[PDB]
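Since the structure comes first, as structure tokens, the remarks are kept for the end.
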Amino acid sequence: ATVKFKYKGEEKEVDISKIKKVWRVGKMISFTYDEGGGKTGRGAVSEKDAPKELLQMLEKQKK
DNA sequence: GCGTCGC
DNA sequence: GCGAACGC
């Protein structure tokens, strides 16, 4: 599955397999993900949006 | 402010 | 150490 979100004026669509860490900030689901060049990207979506795969990671990670 | 990269 | 980023 993929997560769609806008970050710094750019549209992003990241495969959920790449999501590194995920945490909750109120209604915001915030996360980091693996990118090319050994780098780590950041992203956030509304919980309303939030694919269940991503939300499950929260409950199953929270670390 | 809440939770957590790239100077 | 901190500005900026993200939905609210």
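Note on naming: letters A, B, ... go to the chains in the order of the sequence lines (proteins, then strands), and numbering restarts at 1 for each one. Scope of the values below: all heavy atoms of this structure, side chains included, with no hydrogens, waters or symmetry mates.
One interatomic measurement links the two molecules: OH of A:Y7 to P of C:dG7, which rounds to 10 Å at whole-angstrom precision. Atom pair A:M57:CE and B:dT4:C1' shows a separation of 15 Å (rounding to whole Å applied). Remark: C1' of B:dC5 and CH2 of A:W23 are 10 Å apart, rounded to the nearest angstrom. Between the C1' atom of C:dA5 and the CD1 atom of A:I29 lies a distance of 16 Å, rounded to the nearest Å. Taking atom CE on A:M28 and atom P on C:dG7, their separation rounds to 8 Å, with Å as the unit. In this entry the distance linking NZ of A:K20 with P of B:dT4 reads 15 Å, nearest Å. Rounded to a whole Å, the NZ atom of A:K63 is 16 Å from the P atom of B:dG3. Atom-to-atom, CZ of A:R42 to P of B:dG3 comes out at 18 Å; the value is rounded to the nearest Å.
In this structure, A:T40 reaches the sugar-phosphate backbone alone: every heavy-atom distance under 4.0 Å involves primed, P, OP1 or OP2 atoms, never a base. Across all strands, A:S30 comes closer than 4.0 Å to base atoms (heavy-atom distances).
Residues A:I19 and A:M28 fall into different hydrophobic clusters, defined by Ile, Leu, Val, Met, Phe, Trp and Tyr side chains chained together at heavy-atom separations under 4.5 Å. Transitive grouping of hydrophobic side chains (ILVMFWY, heavy atoms separated by less than 4.5 Å) keeps A:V25 and A:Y7 in distinct clusters. Hydrophobic clustering (side-chain heavy atoms under 4.5 Å, transitive across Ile, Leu, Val, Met, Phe, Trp, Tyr) groups A:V3 together with A:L58.
Sequence order on DNA chain B of the closest nucleotides to A:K39 and A:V25 puts A:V25 first from the 5' end.
Salt bridge A:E35/A:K18: absent, no basic N to carboxylate O contact under 4.0 Å.
Pucker assignment for B:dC5 gives south. The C1'-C2'-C3'-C4' angle has a negative sign. From the dihedral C1'-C2'-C3'-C4', which is negative here, one reads the pucker of C:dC2 as south, toward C2'-endo.
Of all the heavy atoms in A:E47 and A:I29, the pair that sits closest is CA-CG1, 3.8 Å. Between A:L55 and A:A50, the shortest heavy-atom distance links the atoms CD1-O, 3.4 Å.
Secondary-structure annotation of DNA chain C gives the stems B:1-4 with C:5-8, B:5-7 with C:1-3, with a stem taken as at least 3 successive Watson-Crick or G-U pairs whose two distances both fall under 3.5 Å.
Contact annotation: the side chain of A:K4 approaches that of A:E11 to within less than 4.5 Å [non-hydrogen atoms, C-beta and beyond].
For the consecutive pair B:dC2/B:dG3, the pyrimidine-type rings do not sit with centres less than 5.5 Å apart and planes less than 30° apart, so they do not qualify as a stack.
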